[PDB]
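Encoded as C-alpha cells, the following chain is the form deposited in one PDB entry, with no partner shown.
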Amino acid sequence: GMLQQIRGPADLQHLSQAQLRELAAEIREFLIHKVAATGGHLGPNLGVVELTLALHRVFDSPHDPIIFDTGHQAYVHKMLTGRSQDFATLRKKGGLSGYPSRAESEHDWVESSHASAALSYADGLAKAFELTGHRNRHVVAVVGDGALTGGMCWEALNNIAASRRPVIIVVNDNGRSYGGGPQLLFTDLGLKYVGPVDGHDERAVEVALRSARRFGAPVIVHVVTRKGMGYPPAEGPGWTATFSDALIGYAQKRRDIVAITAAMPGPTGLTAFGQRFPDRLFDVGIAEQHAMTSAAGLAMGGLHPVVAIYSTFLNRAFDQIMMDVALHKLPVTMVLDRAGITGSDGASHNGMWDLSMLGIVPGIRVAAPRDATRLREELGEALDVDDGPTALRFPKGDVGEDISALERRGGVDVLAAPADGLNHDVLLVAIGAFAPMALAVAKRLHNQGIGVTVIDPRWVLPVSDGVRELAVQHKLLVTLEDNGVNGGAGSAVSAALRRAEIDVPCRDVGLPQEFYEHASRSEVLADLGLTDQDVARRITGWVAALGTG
C-alpha cells in the first residue's frame, strides 16, 4: 500500500517507474470511491494523476510554487501533500476544501476558483522572488485548455514573455486526443514550446518538465490528458430546466433570439436550445468579457442575445455590461443562474454580488424570479425590452413552487396582506427565491400581532412606483435578499425612498458582505440567520423599537 506511505512529495523521489504506475492506480481507485461519496470534480482529477506525480517528482513545492489554474483539479496534489486521510470530509462544512487552501497547506497558493488567473499570479510571484533575491524558485502554472481561452492568459503570457524570469507554463490539455480549448495556436508565440506530451506517460511528463526547468526562461509545456482517465463513466425539477424550456418556447416564435454561454452550455441549460437552433447558440470559451461584447455586436446587428453566465463569473464582464452593452442601449438579456448562496464551492462560487454590481449600470432592468411561472413571465418581459440590457437572477436547486399573488400593484406582486384586525405595520420586500421565507416570517409575525405585507417586486431594479406607494403605507420596510447587503436590493430600495422624500425606516436583511467558507446552502443561510425564525425575531425587535428613540 504505497499511498499511505507518502508523507509528502519527497517520498516519491526514489520510487521506481513500476512503483509509480502502481501508485497512480491506487490514486485512481481512491478518487473514484472517495469523490463518488462526497461529490466533486472526479473527471478533471483522474486526468491529472500522472501530471501531478510528475510535477512533485521534478519540482520542490513550495520553494517552486505549483499554481493550479481554477484549482478544481488539485485533489491529487492534496493527496501527495499530507491530506489523503482528509477526503471523507471533502467539500463538507469544516472539511477539506474543493480548491487549494493556504490554511490547509504551505503547498497551496491560490484559493480563487475563477479560471485563467494562474499565469498572472505566476508573473507577480516571479517578479517578487527577483525583487527579494530568493535563489532558484521556479514558478509552475498548471493551466487547462479551457482556462487558456480566457483573456487573462494572453495578458499574462505577453508580460511573461517580456522577461527571462523563469515561469513554466504547463498546459493541461484534455480538449484534444494525443474539447473546449483554444482555436489559436500557441506553438509559435515567441515562447519556447515543448510537446505535445502524453500526459499519462508519467516519465515523459518528467522529461519535458526537466527540459523546461533547464531552459531557465519562460517555456510552455503542452501536456495532453484524458478527462476521467481510468473511469469509463467519467471517460427534482430545477430553475435551469424551467429557463431552458421557456427560452426554447420564446425562440421558436422569435428568430432574433440567440444564446451565448462561456463554456457552460449544459449547466446553463442552453444545450437543448442549441439542439433545436444550432446556428443560434454560441460557446465563446471561458471568456465572459467576449460573451458580453460579442452580444453587443449581435444586438448592433439586430438580434436579441440571451447571455447565460453563472452569477459569480459575471464579475469578469462588469465593464462590458457597462461600456459595450448599456452605453449603447442594446437589448441583451443576461440570465444569472447559481445566484445567491451556492455553498459547497466556497467563497469564489457564491453568486452574492450581482444585484450590487448590476445596480451601478445606468438604466439597467433586473428581475429576480420567485418561482417557475415568474421565471417564464420575467424572461418574456426581458426579451420584450428592446432599448437596453435586462437581467434575470435565480438560485441553484429545485425550482420554487408557484405562489400566485393576491394582486399586482404597479408591477409589484402582493403575496400577503395584514390579516383582519392587524394593521399595515411592516412591508417585507421579498427578493426572488426568498418569497417562501418571507411568507413564513409574515405568519410568525401575524401570531405576534404584527401586520405584514409581503411583496415580490419582480423587477427589483429600478425600484418601482409600487414599492414607493406601499412603503408610505407601512411603518417599517424590510428587504430580504439572497445577495450581499452592500449595494444590494435593500440599499437600492432605501435609496429610492429617500430620493422620493420617503423616510420610513428601512432595514437590509441579506448576506453580510463577506467571503464564506464552503458548506451546504442551507447551512450557510442558517449560520447567517437567514431563516424565517431568525428574520422574524429581528423584525419583532425593530417593530417594538419604533418611536422608542
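The term rigid core refers to the most C-alpha atoms you can superpose between the two forms while keeping them within 1.5 Å. Residue numbers here begin at 1 and follow the sequence given.
This next part talks about the form deposited in another entry, which is not shown.
Of the candidates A246, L461, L470, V219, the Cα that moves 2 angstroms or more after core superposition between the shown form and the other one belongs to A246 alone. After superposition on the rigid core, the Cα of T261 moves by 2 Å or more between the shown form and the other one. Here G274 counts as shifted, since its C-alpha moves by at least 2 Å between the shown form and the other one after the core is aligned. Comparing the forms between the shown form and the other one, the C-alpha position of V284 differs by 2 angstroms or more, with the core used for superposition.
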